[PDB]
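> Next comes the structure file query19.txt, holding compact mmCIF, C-alpha atoms and all ligand atoms.
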# COMPACT_ATOMS: atom_id res chain seq x y z
CA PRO J 1 0.00 0.00 0.00
CA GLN J 2 0.81 3.72 -0.29
CA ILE J 3 -0.02 5.87 2.74
CA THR J 4 0.01 9.54 3.51
CA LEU J 5 1.15 10.93 6.91
CA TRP J 6 -1.74 13.21 8.03
CA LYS J 7 -2.47 10.46 10.58
CA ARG J 8 -0.10 8.11 12.40
CA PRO J 9 0.96 5.21 10.10
CA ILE J 10 -0.53 2.37 12.18
CA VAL J 11 -0.70 -1.22 10.87
CA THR J 12 -1.92 -4.54 12.19
CA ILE J 13 0.65 -7.10 13.29
CA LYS J 14 0.39 -10.76 14.27
CA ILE J 15 3.22 -12.20 16.39
CA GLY J 16 3.23 -15.44 18.40
CA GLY J 17 -0.58 -15.85 17.69
CA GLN J 18 -1.31 -12.41 19.22
CA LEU J 19 -2.84 -9.50 17.30
CA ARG J 20 -1.67 -5.92 17.92
CA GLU J 21 -1.31 -2.55 16.23
CA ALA J 22 2.07 -0.85 15.65
CA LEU J 23 3.38 2.41 14.23
CA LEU J 24 5.58 2.26 11.06
CA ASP J 25 8.54 4.33 12.37
CA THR J 26 11.29 5.36 9.96
CA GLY J 27 13.08 7.05 12.92
CA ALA J 28 13.46 3.70 14.72
CA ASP J 29 16.42 1.44 13.79
CA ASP J 30 14.75 -1.49 15.66
CA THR J 31 11.26 -2.84 16.29
CA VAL J 32 9.98 -2.45 19.92
CA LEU J 33 6.72 -3.95 21.29
CA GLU J 34 5.31 -3.65 24.83
CA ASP J 35 2.12 -5.54 25.07
CA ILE J 36 3.43 -9.08 23.99
CA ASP J 37 4.61 -12.67 25.10
CA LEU J 38 7.50 -14.31 23.28
CA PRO J 39 8.91 -17.75 24.17
CA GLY J 40 12.59 -18.77 24.20
CA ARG J 41 15.91 -17.18 25.21
CA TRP J 42 16.54 -13.41 24.87
CA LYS J 43 19.45 -10.95 25.58
CA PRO J 44 19.23 -7.74 27.73
CA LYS J 45 19.65 -4.49 25.67
CA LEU J 46 19.30 -0.65 26.20
CA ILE J 47 18.15 1.63 23.29
CA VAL J 48 17.75 5.39 23.99
CA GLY J 49 15.13 8.03 22.93
CA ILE J 50 13.59 11.36 23.69
CA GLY J 51 13.59 10.79 27.53
CA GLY J 52 16.69 8.55 27.74
CA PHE J 53 17.04 4.81 28.49
CA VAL J 54 14.57 1.89 28.23
CA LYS J 55 15.73 -1.62 29.24
CA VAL J 56 14.47 -4.23 26.64
CA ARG J 57 14.62 -8.01 25.91
CA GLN J 58 16.02 -8.78 22.45
CA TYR J 59 14.37 -11.84 20.83
CA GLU J 60 16.03 -12.96 17.55
CA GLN J 61 14.44 -14.59 14.45
CA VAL J 62 10.85 -13.93 15.59
CA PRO J 63 8.25 -14.68 12.93
CA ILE J 64 5.95 -11.59 12.57
CA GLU J 65 3.10 -10.66 10.11
CA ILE J 66 3.00 -6.88 9.36
CA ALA J 67 0.07 -5.62 7.23
CA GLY J 68 -0.28 -9.20 5.92
CA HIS J 69 3.47 -9.75 5.08
CA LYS J 70 5.40 -12.58 6.79
CA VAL J 71 8.99 -11.63 7.85
CA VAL J 72 11.47 -12.84 10.56
CA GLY J 73 13.69 -10.55 12.59
CA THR J 74 14.68 -9.12 15.85
CA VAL J 75 11.95 -7.90 18.13
CA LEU J 76 12.72 -5.87 21.21
CA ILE J 77 10.28 -6.25 24.12
CA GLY J 78 10.12 -3.43 26.67
CA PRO J 79 8.23 -0.36 27.88
CA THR J 80 7.47 1.93 24.96
CA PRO J 81 4.50 4.29 24.89
CA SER J 82 3.65 2.89 21.38
CA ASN J 83 4.46 -0.39 19.64
CA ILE J 84 6.82 0.50 16.75
CA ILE J 85 8.00 -1.24 13.61
CA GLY J 86 11.52 -0.05 12.82
CA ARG J 87 13.68 -0.12 9.76
CA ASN J 88 15.01 -3.66 10.64
CA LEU J 89 11.60 -4.99 9.55
CA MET J 90 10.46 -2.24 7.14
CA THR J 91 13.43 -3.16 4.86
CA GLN J 92 11.98 -6.70 4.60
CA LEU J 93 8.69 -5.16 3.26
CA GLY J 94 10.67 -3.16 0.62
CA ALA J 95 9.25 0.03 2.23
CA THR J 96 10.22 3.45 0.81
CA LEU J 97 9.65 7.13 1.77
CA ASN J 98 8.64 9.29 -1.20
CA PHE J 99 8.34 13.05 -1.59
CA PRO O 1 12.99 11.70 -4.12
CA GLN O 2 12.26 8.05 -3.32
CA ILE O 3 14.41 6.48 -0.59
CA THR O 4 14.85 3.01 0.82
CA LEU O 5 15.33 2.32 4.58
CA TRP O 6 18.55 0.21 4.75
CA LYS O 7 20.16 3.37 6.18
CA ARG O 8 18.67 6.10 8.36
CA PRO O 9 16.63 8.54 6.24
CA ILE O 10 18.76 11.65 6.91
CA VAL O 11 18.18 14.92 5.00
CA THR O 12 19.71 18.38 5.01
CA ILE O 13 17.74 21.22 6.62
CA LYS O 14 18.23 24.99 6.67
CA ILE O 15 16.52 26.91 9.47
CA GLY O 16 17.21 30.45 10.64
CA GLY O 17 20.30 30.54 8.30
CA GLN O 18 21.80 27.45 10.05
CA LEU O 19 22.49 24.18 8.21
CA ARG O 20 21.84 20.83 9.93
CA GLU O 21 20.96 17.21 9.23
CA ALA O 22 17.73 15.58 10.50
CA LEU O 23 16.05 12.17 10.38
CA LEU O 24 12.72 11.82 8.47
CA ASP O 25 10.72 10.15 11.29
CA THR O 26 7.23 8.82 10.52
CA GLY O 27 6.93 7.79 14.19
CA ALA O 28 7.21 11.43 15.35
CA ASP O 29 4.05 13.58 15.36
CA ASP O 30 6.24 16.76 15.74
CA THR O 31 9.62 18.04 14.57
CA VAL O 32 12.32 18.31 17.33
CA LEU O 33 15.81 19.87 16.86
CA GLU O 34 18.56 20.24 19.44
CA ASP O 35 21.46 21.98 17.95
CA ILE O 36 19.69 25.30 16.85
CA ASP O 37 18.96 29.07 17.71
CA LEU O 38 15.52 30.46 17.01
CA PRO O 39 14.50 34.02 17.88
CA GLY O 40 11.09 35.24 19.12
CA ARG O 41 8.59 34.01 21.74
CA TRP O 42 7.99 30.28 22.42
CA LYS O 43 5.92 28.05 24.83
CA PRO O 44 7.07 25.21 27.20
CA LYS O 45 5.88 21.71 26.09
CA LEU O 46 6.73 18.05 27.16
CA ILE O 47 7.03 15.10 24.76
CA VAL O 48 7.34 11.47 25.96
CA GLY O 49 9.37 8.80 24.10
CA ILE O 50 11.24 5.61 24.76
CA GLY O 51 13.03 6.60 28.05
CA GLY O 52 10.45 9.10 29.40
CA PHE O 53 10.19 12.92 29.29
CA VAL O 54 11.89 15.84 27.47
CA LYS O 55 11.12 19.53 28.17
CA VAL O 56 11.05 21.50 24.83
CA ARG O 57 10.43 25.05 23.54
CA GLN O 58 7.68 25.24 20.91
CA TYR O 59 8.36 27.86 18.19
CA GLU O 60 5.41 28.43 15.82
CA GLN O 61 5.45 29.38 12.09
CA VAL O 62 9.20 28.77 11.68
CA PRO O 63 10.40 28.90 8.09
CA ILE O 64 12.46 25.72 7.37
CA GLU O 65 14.01 24.20 4.18
CA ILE O 66 13.97 20.36 4.15
CA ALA O 67 15.74 18.57 1.26
CA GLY O 68 15.36 21.77 -0.77
CA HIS O 69 11.62 22.36 0.01
CA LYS O 70 10.45 25.53 1.80
CA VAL O 71 7.69 24.97 4.46
CA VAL O 72 6.56 26.80 7.69
CA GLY O 73 5.52 25.04 10.86
CA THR O 74 6.07 24.28 14.44
CA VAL O 75 9.55 23.40 15.53
CA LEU O 76 10.26 22.01 18.97
CA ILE O 77 13.68 22.84 20.44
CA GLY O 78 15.02 20.53 23.12
CA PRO O 79 17.32 17.65 24.03
CA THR O 80 16.94 14.84 21.53
CA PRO O 81 19.72 12.40 20.67
CA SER O 82 18.92 13.12 16.98
CA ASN O 83 17.28 15.97 15.10
CA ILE O 84 13.96 14.65 13.74
CA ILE O 85 11.47 15.84 11.12
CA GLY O 86 8.03 14.68 12.15
CA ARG O 87 4.76 14.27 10.36
CA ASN O 88 3.77 17.95 11.01
CA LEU O 89 6.34 18.91 8.36
CA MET O 90 6.46 15.69 6.24
CA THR O 91 2.76 16.30 5.33
CA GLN O 92 3.80 19.68 3.81
CA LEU O 93 6.26 17.77 1.50
CA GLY O 94 3.45 15.36 0.35
CA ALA O 95 5.55 12.48 1.80
CA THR O 96 4.24 8.91 1.61
CA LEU O 97 5.31 5.46 2.92
CA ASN O 98 5.04 2.72 0.26
CA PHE O 99 5.34 -1.05 0.48
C1 LIG T 1 15.39 9.65 17.09
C2 LIG T 1 14.43 9.18 18.18
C3 LIG T 1 13.38 10.22 18.48
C4 LIG T 1 13.95 7.77 17.85
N1 LIG T 1 12.64 7.32 18.38
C5 LIG T 1 11.65 7.00 17.33
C6 LIG T 1 10.58 8.08 17.19
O1 LIG T 1 9.84 7.95 15.95
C7 LIG T 1 9.59 8.14 18.37
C8 LIG T 1 8.61 6.94 18.43
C9 LIG T 1 7.60 7.15 19.52
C10 LIG T 1 6.25 7.27 19.22
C11 LIG T 1 5.33 7.52 20.23
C12 LIG T 1 5.75 7.65 21.54
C13 LIG T 1 7.08 7.51 21.84
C14 LIG T 1 8.01 7.26 20.84
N2 LIG T 1 8.79 9.36 18.26
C15 LIG T 1 8.78 10.33 19.17
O2 LIG T 1 9.53 10.51 20.10
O3 LIG T 1 7.84 11.23 18.85
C16 LIG T 1 7.80 12.42 19.63
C17 LIG T 1 8.93 13.36 19.21
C18 LIG T 1 8.21 14.54 18.70
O4 LIG T 1 7.01 14.04 18.16
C19 LIG T 1 6.56 13.22 19.25
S1 LIG T 1 12.62 6.38 19.73
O5 LIG T 1 11.24 6.17 20.09
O6 LIG T 1 13.53 6.94 20.65
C20 LIG T 1 13.34 4.83 19.27
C21 LIG T 1 14.70 4.68 19.36
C22 LIG T 1 15.30 3.50 18.99
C23 LIG T 1 14.53 2.41 18.57
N3 LIG T 1 15.12 1.23 18.22
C24 LIG T 1 13.14 2.55 18.52
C25 LIG T 1 12.55 3.76 18.83
In structure tokens, how does this file's structure come out?

Amino acid sequence: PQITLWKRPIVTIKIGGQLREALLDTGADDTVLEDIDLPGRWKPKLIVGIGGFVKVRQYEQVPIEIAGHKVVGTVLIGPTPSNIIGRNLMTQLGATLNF
Amino acid sequence: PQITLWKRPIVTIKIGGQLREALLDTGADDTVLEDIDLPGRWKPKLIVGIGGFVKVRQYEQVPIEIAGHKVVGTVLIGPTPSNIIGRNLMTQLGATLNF
């Protein structure tokens, strides 16, 4: 799809059988979700934003469906005021900015 | 221009005769710059992010050049680890996300 930016660019995701919404965030290098259960081992990571530090769990090679498209990548779990899809996963959709 | 997202989407800006770089950030509702002098009256505002709070100065109807294109809008001045162009100004470029 093509979308304009007069509203937040929010898409539906499906990850570990759970349905959520997330913002498509070109300013985010990495994908961060709050409201979600993932199984398996993870690694502690810090990431750093307007406001400073957030401690997150890094889960590798997580299957995720974003606006209907199946990809696999790193998902960071941690407190974030909004679930965000970062460039790590947007590059797998072949996403572009246009103006 | 059309750009892909394998690297950060960084563009050149010109604002109050100062040249800077900024990230095109679809996850940001508002534009926030750190490294910059604007004249005139402003208003205190807070914005939350990964990591918590940032106190900013809101400057209205600021002329700014983004990747060559002249627009006028609200610019927030405050600590941010990176200068960001938010949707407030991306909508004035007719920017779209595509995948
Ligand atoms: C350059 C910074 C700002 C990068 N952030 C991305 C930005 O899009 C960020 C996303 C967000 C949306 C809603 C609430 C909170 C945060 N928007 C943001 O703060 O919007 C503010 C600034 C003015 O407009 C409102 S981040 O969240 O720190 C981040 C950092 C690293 C990773 N891996 C993921 C996210």
> Work out how far atom CA of residue 17 of chain J is from atom CA of residue 6 of chain O, in Å to one decimal.
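Computed distance, atom CA of residue 6 of chain O to atom CA of residue 17 of chain J, equals 28.1 Å.
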> Out of J:78, J:51, J:86, J:73, which residue has the shortest atom-to-atom distance to chain O when counting all atoms listed in the file?
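When distances to chain O are compared using all atoms listed in the file, the smallest one comes from J:51.
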> What residues in chain O have any atom no more than 7 Å from chain J when counting all atoms listed in the file, and can you write them as a PyMOL selection string?
chain O and resi 1-6+23-27+48-54+80-81+87+91+93-99
> Give me the residues within 7 Å of residue 21 of chain J as JSON, numbers by chain, counting only C-alpha atoms and dropping any in the same chain fewer than 2 places off.
{"J": [10, 11, 12, 13]}
> So what do you get for atom CA of residue 42 of chain J versus atom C19 of ligand LIG 1 (chain T), distance-wise?
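About the pair atom CA of residue 42 of chain J and atom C19 of ligand LIG 1 (chain T): they are 29.0 Å apart.
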> Using Å and a single decimal, report how far atom CA of residue 31 of chain O sits from atom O4 of ligand LIG 1 (chain T).
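One can read the atom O4 of ligand LIG 1 (chain T) to atom CA of residue 31 of chain O distance as 6.0 Å.
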> What box, with edges along x, y and z, holds each listed atom of segment 24-40 of chain J when 4 Å is added on every side, and can you state its centre and edge lengths in Å to one decimal, as AutoDock Vina command-line options?

--center_x 9.3 --center_y -5.9 --center_z 17.5 --size_x 22.3 --size_y 33.8 --size_z 23.1
> Can you pull out the residues contacting residue 44 of chain O? Cut-off 7 Å, using all atoms listed in the file, and skip same-chain residues under 3 positions away; I want them as a list in words.
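The contact residues come out as residues 56, 57 and 58 of chain O.
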> Pick the closest to ligand LIG 1 (chain T) from O:36, O:22, O:62, O:15: which is it, counting only C-alpha atoms and all ligand atoms?
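When distances to ligand LIG 1 (chain T) are compared using only C-alpha atoms and all ligand atoms, the smallest one comes from O:22.
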> Using all atoms listed in the file, which of the listed residues (J:61, J:39, J:20, J:45) sits closest to ligand LIG 1 (chain T)?
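Closest candidate: J:45.
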